[PDB]
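Have a look at protein.csv below; it lists CSV, N, CA and C atoms.
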```csv
chain,number,residue,atom,x,y,z
A,1,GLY,N,0.8,-1.2,0.0
A,1,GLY,CA,0.0,0.0,0.0
A,1,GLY,C,0.8,1.3,0.0
A,2,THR,N,2.0,1.1,-0.6
A,2,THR,CA,3.0,2.2,-0.6
A,2,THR,C,3.4,2.5,-2.1
A,3,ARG,N,3.5,3.8,-2.4
A,3,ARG,CA,3.8,4.3,-3.7
A,3,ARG,C,5.0,5.3,-3.7
A,4,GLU,N,5.6,5.5,-4.8
A,4,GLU,CA,6.7,6.4,-4.9
A,4,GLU,C,6.8,7.1,-6.3
A,5,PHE,N,6.8,8.4,-6.4
A,5,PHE,CA,6.9,9.1,-7.6
A,5,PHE,C,8.3,9.0,-8.2
A,6,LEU,N,8.3,9.0,-9.6
A,6,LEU,CA,9.6,8.9,-10.3
A,6,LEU,C,9.6,9.7,-11.5
A,7,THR,N,10.7,10.4,-11.8
A,7,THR,CA,10.9,11.2,-13.0
A,7,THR,C,11.9,10.6,-13.9
A,8,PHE,N,11.5,10.5,-15.2
A,8,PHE,CA,12.4,9.9,-16.2
A,8,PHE,C,12.5,10.8,-17.5
A,9,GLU,N,13.8,11.1,-17.8
A,9,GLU,CA,14.0,12.0,-19.0
A,9,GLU,C,14.4,11.1,-20.2
A,10,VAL,N,13.4,10.9,-21.1
A,10,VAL,CA,13.6,10.1,-22.3
A,10,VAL,C,14.0,10.9,-23.5
A,11,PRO,N,15.2,10.7,-24.0
A,11,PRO,CA,15.7,11.4,-25.2
A,11,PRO,C,15.3,10.8,-26.5
A,12,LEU,N,14.2,11.3,-27.1
A,12,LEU,CA,13.8,10.7,-28.4
A,12,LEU,C,14.4,11.4,-29.6
A,13,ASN,N,15.6,12.0,-29.3
A,13,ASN,CA,16.4,12.7,-30.3
A,13,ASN,C,16.3,12.0,-31.7
A,14,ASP,N,16.2,10.7,-31.7
A,14,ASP,CA,16.1,9.9,-32.9
A,14,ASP,C,15.2,8.7,-32.7
A,15,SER,N,14.3,8.7,-31.8
A,15,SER,CA,13.4,7.6,-31.6
A,15,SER,C,11.9,8.0,-32.0
A,16,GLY,N,11.7,9.3,-32.1
A,16,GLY,CA,10.4,9.8,-32.5
A,16,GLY,C,9.8,9.0,-33.7
A,17,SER,N,10.6,8.4,-34.5
A,17,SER,CA,10.2,7.7,-35.7
A,17,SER,C,9.2,6.6,-35.3
A,18,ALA,N,9.4,6.0,-34.1
A,18,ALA,CA,8.6,5.0,-33.5
A,18,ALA,C,7.6,5.5,-32.5
A,19,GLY,N,8.1,6.6,-31.8
A,19,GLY,CA,7.2,7.2,-30.7
A,19,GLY,C,7.9,7.1,-29.4
A,20,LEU,N,9.2,7.3,-29.3
A,20,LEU,CA,9.9,7.3,-28.1
A,20,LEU,C,10.5,5.9,-27.8
A,21,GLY,N,9.8,4.8,-28.4
A,21,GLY,CA,10.3,3.5,-28.1
A,21,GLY,C,9.6,2.9,-26.9
A,22,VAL,N,8.3,3.0,-26.8
A,22,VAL,CA,7.5,2.4,-25.7
A,22,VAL,C,6.1,2.4,-26.0
A,23,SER,N,5.3,1.5,-25.4
A,23,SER,CA,3.9,1.4,-25.5
A,23,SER,C,3.2,1.4,-24.2
A,24,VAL,N,2.2,2.2,-24.0
A,24,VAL,CA,1.4,2.2,-22.8
A,24,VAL,C,0.0,1.7,-22.9
A,25,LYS,N,-0.6,1.3,-21.8
A,25,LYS,CA,-1.9,0.8,-21.7
A,25,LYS,C,-2.7,1.3,-20.5
A,26,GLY,N,-3.9,1.7,-20.8
A,26,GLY,CA,-4.7,2.3,-19.7
A,26,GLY,C,-5.8,1.4,-19.3
A,27,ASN,N,-6.2,1.4,-18.0
A,27,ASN,CA,-7.3,0.5,-17.5
A,27,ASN,C,-8.2,1.3,-16.5
A,28,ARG,N,-9.1,0.6,-15.9
A,28,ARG,CA,-10.0,1.2,-15.0
A,28,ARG,C,-10.3,0.3,-13.8
A,29,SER,N,-10.9,0.8,-12.8
A,29,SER,CA,-11.3,0.0,-11.6
A,29,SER,C,-11.9,-1.3,-12.0
A,30,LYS,N,-11.6,-2.3,-11.2
A,30,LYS,CA,-12.2,-3.7,-11.5
A,30,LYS,C,-13.6,-3.8,-10.9
A,31,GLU,N,-14.0,-2.8,-10.2
A,31,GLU,CA,-15.3,-2.8,-9.5
A,31,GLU,C,-16.3,-1.8,-10.3
A,32,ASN,N,-15.7,-0.8,-10.9
A,32,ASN,CA,-16.5,0.2,-11.7
A,32,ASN,C,-15.8,0.7,-12.9
A,33,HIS,N,-16.3,1.7,-13.5
A,33,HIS,CA,-15.7,2.3,-14.7
A,33,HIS,C,-14.8,3.5,-14.4
A,34,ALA,N,-14.1,3.3,-13.3
A,34,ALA,CA,-13.2,4.4,-12.8
A,34,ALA,C,-11.8,4.2,-13.3
A,35,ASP,N,-11.4,5.0,-14.4
A,35,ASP,CA,-10.1,4.9,-15.0
A,35,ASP,C,-9.0,5.2,-13.9
A,36,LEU,N,-8.1,4.2,-13.9
A,36,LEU,CA,-7.0,4.3,-12.9
A,36,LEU,C,-5.8,5.1,-13.5
A,37,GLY,N,-5.6,4.9,-14.8
A,37,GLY,CA,-4.5,5.6,-15.5
A,37,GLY,C,-3.8,4.7,-16.5
A,38,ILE,N,-2.6,5.0,-16.9
A,38,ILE,CA,-1.9,4.3,-17.9
A,38,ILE,C,-0.6,3.7,-17.3
A,39,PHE,N,-0.2,2.5,-17.7
A,39,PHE,CA,1.0,1.8,-17.3
A,39,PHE,C,1.8,1.3,-18.4
A,40,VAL,N,3.2,1.4,-18.3
A,40,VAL,CA,4.1,1.0,-19.4
A,40,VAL,C,3.7,-0.5,-19.8
A,41,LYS,N,3.2,-0.6,-21.0
A,41,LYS,CA,2.8,-1.9,-21.6
A,41,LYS,C,4.1,-2.6,-22.2
A,42,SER,N,4.9,-1.9,-22.9
A,42,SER,CA,6.1,-2.5,-23.5
A,42,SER,C,7.1,-1.4,-23.8
A,43,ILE,N,8.3,-1.8,-24.2
A,43,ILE,CA,9.4,-0.9,-24.5
A,43,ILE,C,10.1,-1.4,-25.8
A,44,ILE,N,10.7,-0.4,-26.5
A,44,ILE,CA,11.4,-0.7,-27.7
A,44,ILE,C,12.9,-0.5,-27.5
A,45,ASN,N,13.6,-1.6,-27.4
A,45,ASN,CA,15.1,-1.5,-27.2
A,45,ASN,C,15.8,-1.0,-28.4
A,46,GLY,N,15.6,0.3,-28.6
A,46,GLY,CA,16.3,0.9,-29.8
A,46,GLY,C,16.2,2.5,-29.7
A,47,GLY,N,15.2,3.0,-29.0
A,47,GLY,CA,15.1,4.5,-28.9
A,47,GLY,C,15.3,4.9,-27.4
A,48,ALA,N,14.9,6.2,-27.2
A,48,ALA,CA,15.0,6.8,-25.9
A,48,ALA,C,14.6,5.9,-24.7
A,49,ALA,N,13.4,5.3,-24.9
A,49,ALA,CA,12.9,4.4,-23.8
A,49,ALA,C,13.9,3.3,-23.5
A,50,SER,N,14.6,2.9,-24.5
A,50,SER,CA,15.6,1.9,-24.3
A,50,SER,C,16.9,2.4,-23.6
A,51,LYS,N,17.5,3.4,-24.2
A,51,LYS,CA,18.7,4.1,-23.7
A,51,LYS,C,18.4,4.7,-22.3
A,52,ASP,N,17.1,5.0,-22.0
A,52,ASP,CA,16.7,5.6,-20.7
A,52,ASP,C,17.2,4.7,-19.6
A,53,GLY,N,16.9,3.4,-19.7
A,53,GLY,CA,17.3,2.4,-18.7
A,53,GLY,C,16.7,2.7,-17.4
A,54,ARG,N,15.6,3.5,-17.4
A,54,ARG,CA,14.9,3.9,-16.1
A,54,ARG,C,13.4,3.6,-16.2
A,55,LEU,N,13.0,3.0,-17.3
A,55,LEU,CA,11.6,2.7,-17.5
A,55,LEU,C,11.2,1.3,-17.0
A,56,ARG,N,10.0,1.1,-16.6
A,56,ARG,CA,9.5,-0.2,-16.1
A,56,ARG,C,8.2,-0.6,-16.7
A,57,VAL,N,8.1,-1.8,-17.3
A,57,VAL,CA,6.9,-2.2,-18.0
A,57,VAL,C,5.8,-2.6,-16.9
A,58,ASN,N,5.3,-1.5,-16.3
A,58,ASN,CA,4.3,-1.7,-15.2
A,58,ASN,C,4.1,-0.3,-14.5
A,59,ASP,N,5.0,0.5,-14.5
A,59,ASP,CA,5.0,1.8,-13.8
A,59,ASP,C,3.7,2.6,-14.2
A,60,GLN,N,3.1,3.3,-13.3
A,60,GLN,CA,1.9,4.1,-13.5
A,60,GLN,C,2.3,5.5,-14.0
A,61,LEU,N,1.7,6.0,-15.1
A,61,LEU,CA,2.0,7.3,-15.6
A,61,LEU,C,1.2,8.4,-14.9
A,62,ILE,N,1.8,9.4,-14.4
A,62,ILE,CA,1.1,10.5,-13.7
A,62,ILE,C,1.3,11.9,-14.3
A,63,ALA,N,2.4,12.0,-15.0
A,63,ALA,CA,2.7,13.3,-15.7
A,63,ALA,C,3.7,13.1,-16.8
A,64,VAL,N,3.7,14.1,-17.8
A,64,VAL,CA,4.5,14.1,-18.9
A,64,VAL,C,4.8,15.5,-19.4
A,65,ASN,N,6.1,15.9,-19.4
A,65,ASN,CA,6.4,17.2,-19.8
A,65,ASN,C,5.7,18.3,-19.0
A,66,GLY,N,5.5,18.0,-17.8
A,66,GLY,CA,4.8,19.0,-16.9
A,66,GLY,C,3.4,18.7,-16.8
A,67,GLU,N,2.8,18.1,-17.8
A,67,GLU,CA,1.4,17.8,-17.8
A,67,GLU,C,1.1,16.7,-16.7
A,68,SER,N,-0.2,16.7,-16.3
A,68,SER,CA,-0.6,15.7,-15.3
A,68,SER,C,-1.6,14.7,-15.8
A,69,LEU,N,-1.2,13.4,-16.0
A,69,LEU,CA,-2.0,12.4,-16.5
A,69,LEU,C,-3.0,11.9,-15.5
A,70,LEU,N,-2.7,12.1,-14.2
A,70,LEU,CA,-3.6,11.7,-13.1
A,70,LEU,C,-5.1,12.1,-13.4
A,71,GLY,N,-5.4,13.4,-13.4
A,71,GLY,CA,-6.7,13.9,-13.6
A,71,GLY,C,-7.3,13.3,-14.9
A,72,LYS,N,-6.4,13.0,-15.9
A,72,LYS,CA,-6.8,12.5,-17.2
A,72,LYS,C,-7.1,11.0,-17.1
A,73,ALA,N,-8.1,10.6,-17.9
A,73,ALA,CA,-8.5,9.2,-17.9
A,73,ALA,C,-7.5,8.4,-18.8
A,74,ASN,N,-7.8,7.2,-19.1
A,74,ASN,CA,-6.9,6.4,-19.9
A,74,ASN,C,-6.8,7.0,-21.3
A,75,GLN,N,-7.9,7.4,-21.9
A,75,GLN,CA,-7.9,8.0,-23.2
A,75,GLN,C,-7.2,9.4,-23.3
A,76,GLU,N,-7.4,10.2,-22.2
A,76,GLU,CA,-6.9,11.5,-22.2
A,76,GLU,C,-5.4,11.5,-22.0
A,77,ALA,N,-4.9,10.6,-21.1
A,77,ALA,CA,-3.5,10.5,-20.9
A,77,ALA,C,-2.8,9.9,-22.1
A,78,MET,N,-3.5,9.0,-22.7
A,78,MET,CA,-3.0,8.3,-23.9
A,78,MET,C,-2.8,9.2,-25.0
A,79,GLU,N,-3.7,10.3,-25.1
A,79,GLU,CA,-3.6,11.3,-26.1
A,79,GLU,C,-2.5,12.3,-25.8
A,80,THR,N,-2.4,12.6,-24.6
A,80,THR,CA,-1.3,13.5,-24.1
A,80,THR,C,0.0,12.9,-24.4
A,81,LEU,N,0.0,11.5,-24.2
A,81,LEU,CA,1.3,10.8,-24.4
A,81,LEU,C,1.5,10.8,-25.9
A,82,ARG,N,0.5,10.4,-26.7
A,82,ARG,CA,0.7,10.4,-28.2
A,82,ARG,C,1.0,11.8,-28.7
A,83,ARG,N,0.5,12.8,-27.9
A,83,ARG,CA,0.7,14.2,-28.2
A,83,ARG,C,2.1,14.6,-27.9
A,84,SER,N,2.6,14.1,-26.8
A,84,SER,CA,4.0,14.3,-26.4
A,84,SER,C,5.0,13.6,-27.3
A,85,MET,N,4.7,12.4,-27.7
A,85,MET,CA,5.5,11.6,-28.5
A,85,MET,C,5.3,12.0,-30.0
A,86,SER,N,4.3,12.8,-30.2
A,86,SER,CA,4.0,13.2,-31.6
A,86,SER,C,4.8,14.5,-32.0
A,87,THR,N,4.6,15.5,-31.1
A,87,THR,CA,5.3,16.8,-31.4
A,87,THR,C,5.1,17.8,-30.2
A,88,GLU,N,5.5,17.4,-29.0
A,88,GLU,CA,5.5,18.3,-27.9
A,88,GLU,C,6.5,17.8,-26.8
A,89,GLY,N,6.4,16.5,-26.6
A,89,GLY,CA,7.4,15.9,-25.6
A,89,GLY,C,8.8,16.0,-26.2
A,90,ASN,N,8.9,16.1,-27.5
A,90,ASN,CA,10.2,16.2,-28.2
A,90,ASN,C,10.5,17.7,-28.4
A,91,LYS,N,10.5,18.1,-29.7
A,91,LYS,CA,10.8,19.5,-30.0
A,91,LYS,C,12.1,20.0,-29.4
A,92,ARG,N,12.9,19.0,-28.9
A,92,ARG,CA,14.2,19.3,-28.3
A,92,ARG,C,15.2,18.2,-28.4
A,93,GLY,N,14.6,17.0,-28.1
A,93,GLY,CA,15.4,15.8,-28.2
A,93,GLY,C,15.2,14.9,-27.0
A,94,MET,N,14.1,15.1,-26.3
A,94,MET,CA,13.8,14.3,-25.1
A,94,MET,C,12.5,14.8,-24.5
A,95,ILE,N,11.8,14.0,-23.7
A,95,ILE,CA,10.6,14.3,-23.0
A,95,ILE,C,10.5,13.8,-21.6
A,96,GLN,N,9.9,14.6,-20.7
A,96,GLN,CA,9.8,14.2,-19.3
A,96,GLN,C,8.6,13.4,-19.0
A,97,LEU,N,8.7,12.4,-18.2
A,97,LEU,CA,7.6,11.5,-17.9
A,97,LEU,C,7.7,11.0,-16.4
A,98,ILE,N,6.7,11.5,-15.6
A,98,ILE,CA,6.6,11.1,-14.2
A,98,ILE,C,5.7,9.9,-14.0
A,99,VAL,N,6.1,9.1,-13.1
A,99,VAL,CA,5.3,7.9,-12.9
A,99,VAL,C,5.2,7.6,-11.4
A,100,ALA,N,4.5,6.5,-11.0
A,100,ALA,CA,4.4,6.0,-9.6
A,100,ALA,C,4.7,4.5,-9.5
A,101,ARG,N,5.5,4.2,-8.5
A,101,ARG,CA,5.9,2.8,-8.3
A,101,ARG,C,5.4,2.3,-6.9
A,102,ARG,N,4.9,1.1,-6.8
A,102,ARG,CA,4.4,0.6,-5.6
A,102,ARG,C,5.6,0.1,-4.7
A,103,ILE,N,5.4,-0.1,-3.4
A,103,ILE,CA,6.4,-0.6,-2.5
A,103,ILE,C,5.9,-1.8,-1.7
A,104,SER,N,6.8,-2.6,-1.2
A,104,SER,CA,6.5,-3.7,-0.4
A,104,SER,C,7.7,-4.3,0.3
```

Show the structure stored in the file as structure tokens.
Amino acid sequence: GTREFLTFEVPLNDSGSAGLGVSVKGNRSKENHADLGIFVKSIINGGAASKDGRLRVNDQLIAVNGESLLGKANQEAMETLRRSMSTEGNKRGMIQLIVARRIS
């Protein structure tokens, strides 16, 4: 029942071709239709997400490039992500992505 926020700087300087080199998936409460957020579904060992070496196929996304995915549902955060990986998170050669990790 413990969580921890984490910040990751992913340099898509040359990974934008694929979209940072990672795939995310969003879900909702198992009791109702309450979107919980998005979690790293997979990673592409070739771009920023790979070279980052700080990503985890399960971490919960809460923010990206200053934006807050929390308040955003699965679809909204997924769009902000696609938006960041499309032409916002980059525009420099990297994008910020905050997440949450459980503890035990």

*Take the point (12.4, 11.4, -20.1) as written in the file and pick out every residue within 8 Å of it, counting only N, CA and C atoms; give the list as a PyMOL selection string.*
chain A and resi 7-12+48-49+52+65+94-98

With N, CA and C atoms retained, export the selected residues as a PDB file, keeping the file's coordinate frame.
```
ATOM      1  N   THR A   7      10.700  10.400 -11.800  1.00  0.00           N
ATOM      2  CA  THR A   7      10.900  11.200 -13.000  1.00  0.00           C
ATOM      3  C   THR A   7      11.900  10.600 -13.900  1.00  0.00           C
ATOM      4  N   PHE A   8      11.500  10.500 -15.200  1.00  0.00           N
ATOM      5  CA  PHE A   8      12.400   9.900 -16.200  1.00  0.00           C
ATOM      6  C   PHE A   8      12.500  10.800 -17.500  1.00  0.00           C
ATOM      7  N   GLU A   9      13.800  11.100 -17.800  1.00  0.00           N
ATOM      8  CA  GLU A   9      14.000  12.000 -19.000  1.00  0.00           C
ATOM      9  C   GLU A   9      14.400  11.100 -20.200  1.00  0.00           C
ATOM     10  N   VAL A  10      13.400  10.900 -21.100  1.00  0.00           N
ATOM     11  CA  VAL A  10      13.600  10.100 -22.300  1.00  0.00           C
ATOM     12  C   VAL A  10      14.000  10.900 -23.500  1.00  0.00           C
ATOM     13  N   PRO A  11      15.200  10.700 -24.000  1.00  0.00           N
ATOM     14  CA  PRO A  11      15.700  11.400 -25.200  1.00  0.00           C
ATOM     15  C   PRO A  11      15.300  10.800 -26.500  1.00  0.00           C
ATOM     16  N   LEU A  12      14.200  11.300 -27.100  1.00  0.00           N
ATOM     17  CA  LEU A  12      13.800  10.700 -28.400  1.00  0.00           C
ATOM     18  C   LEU A  12      14.400  11.400 -29.600  1.00  0.00           C
ATOM     19  N   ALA A  48      14.900   6.200 -27.200  1.00  0.00           N
ATOM     20  CA  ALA A  48      15.000   6.800 -25.900  1.00  0.00           C
ATOM     21  C   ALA A  48      14.600   5.900 -24.700  1.00  0.00           C
ATOM     22  N   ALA A  49      13.400   5.300 -24.900  1.00  0.00           N
ATOM     23  CA  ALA A  49      12.900   4.400 -23.800  1.00  0.00           C
ATOM     24  C   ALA A  49      13.900   3.300 -23.500  1.00  0.00           C
ATOM     25  N   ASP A  52      17.100   5.000 -22.000  1.00  0.00           N
ATOM     26  CA  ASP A  52      16.700   5.600 -20.700  1.00  0.00           C
ATOM     27  C   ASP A  52      17.200   4.700 -19.600  1.00  0.00           C
ATOM     28  N   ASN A  65       6.100  15.900 -19.400  1.00  0.00           N
ATOM     29  CA  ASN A  65       6.400  17.200 -19.800  1.00  0.00           C
ATOM     30  C   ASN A  65       5.700  18.300 -19.000  1.00  0.00           C
ATOM     31  N   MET A  94      14.100  15.100 -26.300  1.00  0.00           N
ATOM     32  CA  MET A  94      13.800  14.300 -25.100  1.00  0.00           C
ATOM     33  C   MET A  94      12.500  14.800 -24.500  1.00  0.00           C
ATOM     34  N   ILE A  95      11.800  14.000 -23.700  1.00  0.00           N
ATOM     35  CA  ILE A  95      10.600  14.300 -23.000  1.00  0.00           C
ATOM     36  C   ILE A  95      10.500  13.800 -21.600  1.00  0.00           C
ATOM     37  N   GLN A  96       9.900  14.600 -20.700  1.00  0.00           N
ATOM     38  CA  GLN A  96       9.800  14.200 -19.300  1.00  0.00           C
ATOM     39  C   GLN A  96       8.600  13.400 -19.000  1.00  0.00           C
ATOM     40  N   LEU A  97       8.700  12.400 -18.200  1.00  0.00           N
ATOM     41  CA  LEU A  97       7.600  11.500 -17.900  1.00  0.00           C
ATOM     42  C   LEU A  97       7.700  11.000 -16.400  1.00  0.00           C
ATOM     43  N   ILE A  98       6.700  11.500 -15.600  1.00  0.00           N
ATOM     44  CA  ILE A  98       6.600  11.100 -14.200  1.00  0.00           C
ATOM     45  C   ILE A  98       5.700   9.900 -14.000  1.00  0.00           C
TER      46      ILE A  98
END
```

Box centre and edge lengths (Å, one decimal), axis-aligned, segment 84-97 of chain A plus 8 Å each side, as lines of an AutoDock Vina configuration file:
```
center_x = 9.0
center_y = 15.5
center_z = -24.2
size_x = 28.8
size_y = 25.0
size_z = 31.6
```

_Contact residues around residue 61 of chain A with only C-alpha atoms at 7 Å, ignoring same-chain residues under 2 positions, as a PyMOL selection string_ = chain A and resi 37-39+59+63+69+98-100

Save out the residues we just selected, N, CA and C atoms, as a CSV table (one decimal), keeping the file's coordinate frame.
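Printed below is out-v6.csv as written:
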```csv
chain,number,residue,atom,x,y,z
A,37,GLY,N,-5.6,4.9,-14.8
A,37,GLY,CA,-4.5,5.6,-15.5
A,37,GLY,C,-3.8,4.7,-16.5
A,38,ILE,N,-2.6,5.0,-16.9
A,38,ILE,CA,-1.9,4.3,-17.9
A,38,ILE,C,-0.6,3.7,-17.3
A,39,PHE,N,-0.2,2.5,-17.7
A,39,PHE,CA,1.0,1.8,-17.3
A,39,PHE,C,1.8,1.3,-18.4
A,59,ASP,N,5.0,0.5,-14.5
A,59,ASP,CA,5.0,1.8,-13.8
A,59,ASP,C,3.7,2.6,-14.2
A,63,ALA,N,2.4,12.0,-15.0
A,63,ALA,CA,2.7,13.3,-15.7
A,63,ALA,C,3.7,13.1,-16.8
A,69,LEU,N,-1.2,13.4,-16.0
A,69,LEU,CA,-2.0,12.4,-16.5
A,69,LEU,C,-3.0,11.9,-15.5
A,98,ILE,N,6.7,11.5,-15.6
A,98,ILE,CA,6.6,11.1,-14.2
A,98,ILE,C,5.7,9.9,-14.0
A,99,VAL,N,6.1,9.1,-13.1
A,99,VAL,CA,5.3,7.9,-12.9
A,99,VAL,C,5.2,7.6,-11.4
A,100,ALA,N,4.5,6.5,-11.0
A,100,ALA,CA,4.4,6.0,-9.6
A,100,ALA,C,4.7,4.5,-9.5
```

*asked:* Which residues are close to residue 46 of chain A, i.e. within 6.5 Å by all atoms listed in the file, leaving aside same-chain residues fewer than 5 positions away? Reply as a PyMOL selection string.
replied: chain A and resi 15+21+51

*Selection: 7 Å around residue 103 of chain A, only C-alpha atoms, excl. self and same-chain fewer than 2 positions, as number ranges by chain*: A: 1-3, 101

*Per DSSP on the backbone, what are the alpha helix (DSSP H) residues of chain A, as an MDAnalysis selection string?*
chainID A and resid 48:52 74:87

If you keep N, CA and C atoms, can you produce a file of those selected residues as a compact mmCIF listing (two decimals), in the frame of the given file?
```txt
# COMPACT_ATOMS: atom_id res chain seq x y z
N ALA A 48 14.90 6.20 -27.20
CA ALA A 48 15.00 6.80 -25.90
C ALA A 48 14.60 5.90 -24.70
N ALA A 49 13.40 5.30 -24.90
CA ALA A 49 12.90 4.40 -23.80
C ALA A 49 13.90 3.30 -23.50
N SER A 50 14.60 2.90 -24.50
CA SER A 50 15.60 1.90 -24.30
C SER A 50 16.90 2.40 -23.60
N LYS A 51 17.50 3.40 -24.20
CA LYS A 51 18.70 4.10 -23.70
C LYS A 51 18.40 4.70 -22.30
N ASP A 52 17.10 5.00 -22.00
CA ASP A 52 16.70 5.60 -20.70
C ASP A 52 17.20 4.70 -19.60
N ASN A 74 -7.80 7.20 -19.10
CA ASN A 74 -6.90 6.40 -19.90
C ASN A 74 -6.80 7.00 -21.30
N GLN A 75 -7.90 7.40 -21.90
CA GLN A 75 -7.90 8.00 -23.20
C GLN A 75 -7.20 9.40 -23.30
N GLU A 76 -7.40 10.20 -22.20
CA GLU A 76 -6.90 11.50 -22.20
C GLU A 76 -5.40 11.50 -22.00
N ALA A 77 -4.90 10.60 -21.10
CA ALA A 77 -3.50 10.50 -20.90
C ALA A 77 -2.80 9.90 -22.10
N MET A 78 -3.50 9.00 -22.70
CA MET A 78 -3.00 8.30 -23.90
C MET A 78 -2.80 9.20 -25.00
N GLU A 79 -3.70 10.30 -25.10
CA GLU A 79 -3.60 11.30 -26.10
C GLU A 79 -2.50 12.30 -25.80
N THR A 80 -2.40 12.60 -24.60
CA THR A 80 -1.30 13.50 -24.10
C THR A 80 0.00 12.90 -24.40
N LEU A 81 0.00 11.50 -24.20
CA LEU A 81 1.30 10.80 -24.40
C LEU A 81 1.50 10.80 -25.90
N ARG A 82 0.50 10.40 -26.70
CA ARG A 82 0.70 10.40 -28.20
C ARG A 82 1.00 11.80 -28.70
N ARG A 83 0.50 12.80 -27.90
CA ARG A 83 0.70 14.20 -28.20
C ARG A 83 2.10 14.60 -27.90
N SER A 84 2.60 14.10 -26.80
CA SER A 84 4.00 14.30 -26.40
C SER A 84 5.00 13.60 -27.30
N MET A 85 4.70 12.40 -27.70
CA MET A 85 5.50 11.60 -28.50
C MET A 85 5.30 12.00 -30.00
N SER A 86 4.30 12.80 -30.20
CA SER A 86 4.00 13.20 -31.60
C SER A 86 4.80 14.50 -32.00
N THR A 87 4.60 15.50 -31.10
CA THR A 87 5.30 16.80 -31.40
C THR A 87 5.10 17.80 -30.20
```
